[PDB]
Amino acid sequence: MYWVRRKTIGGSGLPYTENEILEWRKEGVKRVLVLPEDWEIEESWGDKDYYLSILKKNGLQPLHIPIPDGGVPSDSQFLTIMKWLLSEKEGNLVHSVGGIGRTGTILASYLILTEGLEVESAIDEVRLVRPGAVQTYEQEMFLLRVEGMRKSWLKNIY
């Protein structure tokens, strides 16, 4: 687990046991944006809903926004993602399966919008703590498309 912005927003891969979840809490995580698809959670936990309830039992507020591996969120999922991350500033955790592709894409999106950074700079910022963040061409294009319509997104986010 890594923080992109000290205790405000970080990322991680998919936890395998409840102990990794407790570590998140111990680290200051308070809200969790779950990005992997149903089958991906199922493959490791046995049941998607059980996993989400387990986040709650451990004191975390989860939000499940399914994004295909190597892919990006739809416009609706993104507006939803940004409003969620922004409605409560501290202790935000974003996670995928490896904590690199989808997670890096969202975190970099976050910076492009909240810090007005270009794509390259945002990805670079995330890579300081998460080597390799952002894996695909589709993800790169998403971030570019986002930087391009920055004001539009901000107008909608707020």
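Don't overthink the numbering: it's just position in the shown sequence, from 1.
Judged by mean Cα B factor in the deposited record, 83-91 ranks above the other of 70-78 and 83-91. Relative to one another, 18-26 and 131-139 have unequal mean CA B-factors, and 18-26 is the one with the higher figure.
Highest CA B-factor among the listed residues (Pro36, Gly101, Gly116, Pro62): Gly116. When the CA B factors of the chain's modelled residues are split into thirds, the value for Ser96 lands in the lowest one.
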